[PDB]
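Visitor: Can you read through this structure? Questions will come right after.
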Amino acid sequence: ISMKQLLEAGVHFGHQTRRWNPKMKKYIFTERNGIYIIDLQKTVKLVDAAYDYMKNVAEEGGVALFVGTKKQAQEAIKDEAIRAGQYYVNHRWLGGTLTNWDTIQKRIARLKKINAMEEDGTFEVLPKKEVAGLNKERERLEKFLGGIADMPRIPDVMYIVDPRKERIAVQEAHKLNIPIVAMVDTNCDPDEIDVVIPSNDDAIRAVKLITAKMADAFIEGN
RNA sequence: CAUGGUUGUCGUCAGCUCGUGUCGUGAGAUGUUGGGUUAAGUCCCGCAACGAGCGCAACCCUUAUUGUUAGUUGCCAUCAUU
Ligand SMILES: [K+]
Ligand SMILES: [Mg+2]
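No gaps in the numbering here: position 183 of the first sequence is 186 in the entry's author numbering, and each next residue is one more.
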């Protein structure tokens, strides 16, 4: 990845100066027009390190979970996770998604069952109300758990966009001692993330750029 | 005022709870709250909650329309007689 690519994607932008986090001074370059500017030099070095780290995880046969519910990041992470073959959560991170993974597997099994009914033809012989109601249930299960329906075990690594937004996901990862690779913004906390990627979380182009790099790292590892 | 069984009562009011998860040193909390909606914890939406159970509802009986099968001890329009 290139510094010009980062700048074009707008990675450098941060949030308001008043809303920053002191720990981010380690990565902040300068403030312009009242908003902080991430140090793209450290960003390039750290994204390369994260690329290498994700590559190692992939080569180990590990499972990756891409997390982002930001309006900007939701669609981008879905596409890249699908492309990489690893699983994703993009609409809403359900509390206990991993700490209560055992419970969530029951809903995933329920989702698998409702899919089989369509293929089998139960829906055809199902009463109007039944099929309609079951279709609505299937829609909710897909909308929430769709991106992780086939995740075999607890992810070996969790990539996150804007942990400050994805507070709950970070907490579950810590509880399960799962490494976190996050797009950290000027108002976030870097201590919570093992592999920090100082970047703007509020730029769709930047999110696509960084997320695609991570997905390519996993693909290369495989 | 040792009990089983049976019953009244709030009240057919919409509540009462648990599993896992999470928060809290702890009793506890969350879900069950909140925006709507309903007769209803009824349902949708959002939510560190995700589900489930007892309730609610539905399945049951009766009443209100009707087809078909049946046509006597019931009914009498078409017919004649009493
Ligand atoms: K509990
Ligand atoms: Mg109920």
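Think of the CB as a built atom: it goes at the ideal place given N, C-alpha and C, for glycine as much as any other residue.
1. Can you find at least 3 beta carbon pairs, one from the stretch 85-103 and one from the stretch 113-124, that sit closer than 8 Å?
2. Can you tell me whether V128 is buried or exposed? The criterion is at least 16 other CB atoms within 10 Å of its CB, across all chains shown.
3. Quick check on the DSSP output: the alpha helix (DSSP H) that includes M120 runs from which residue to which?
4. Indicate whether the contact test is met: 3 or more Cβ pairs, each with one atom in the stretch 152-170 and one in the stretch 185-192, closer than 8 Å.
5. When DSSP labels each residue in this structure, what does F32 get in the three-state scheme?
6. For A185, name the three-state secondary structure that DSSP assigns.
7. Starting from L68, follow the beta strand (DSSP E) in both directions and report where the run begins and ends.
8. How long is the line joining the alpha carbons of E133 and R143, rounded to whole angstroms?
9. Buried or exposed: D204, going by 16 or more other Cβ atoms within 10 Å of its Cβ?
10. Are the beta-carbon atoms of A76 and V210 separated by less than 8 Å?
11. Quick one: Cα of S202 to Cα of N138, how far?
12. Just to confirm, is the Cβ distance from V184 to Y56 under 8 Å?
13. According to DSSP, which residues form a beta bridge with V160?
14. Output needed for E34: all residues of its chain with C-beta closer than 7 Å, excluding positions within five of it in sequence on either side, in chain order.
15. Hey, out of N59, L179, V198, whose CA is closest to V187's CA?
16. I believe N93 touches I107 by the beta-carbon criterion, under 8 Å. Please report the beta-carbon distance rounded to the nearest angstrom.
17. Quick one: is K73 buried, meaning 16 or more other Cβ sit within 10 Å of its Cβ, or exposed?
18. Run the CB neighbour count on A112, radius 10 Å, all protein chains shown included, and call it buried at 16 or more, exposed below.
19. How long is the line joining the alpha carbons of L148 and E122, rounded to whole angstroms?
20. Would you check if the distance between the CB atom of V66 and the CB atom of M6 is smaller than 8 Å?
21. Using beta-carbon positions only, say whether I4 and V60 come within less than 8 Å of one another.
22. If we count the other Cβ atoms within 10 Å of its Cβ and call it buried at 16 or more, is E83 buried or exposed?
23. Name the two residues that bound the continuous beta strand (DSSP E) containing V199.
24. Let me know if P158 comes out buried or exposed under the rule of 16 or more other beta-carbons within 10 Å of its beta-carbon.
Guide: Quick answer:
1. no
2. By the neighbour-count rule (16 or more Cβ atoms within 10 Å), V128 is not buried but exposed.
3. 104-123
4. Touching, yes.
5. strand
6. strand
7. Taken as a continuous stretch (DSSP letters only), the beta strand (DSSP E) holding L68 covers 67-70.
8. 16 Å
9. buried
10. yes
11. 40 Å
12. One thing to note: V184 has its Cβ within 8 Å of the Cβ of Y56.
13. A67
14. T20, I40
15. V198
16. Not really, about 16 Å apart at Cβ, beyond 8 Å.
17. Burial call: buried.
18. A residue is called buried once 16 or more other Cβ atoms fall within 10 Å of its Cβ, and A112, having fewer, is exposed.
19. 20 Å
20. no
21. no
22. Buried is the call here.
23. 198-201
24. Looking at its Cβ environment, which holds 16 or more other Cβ atoms inside 10 Å, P158 is buried.
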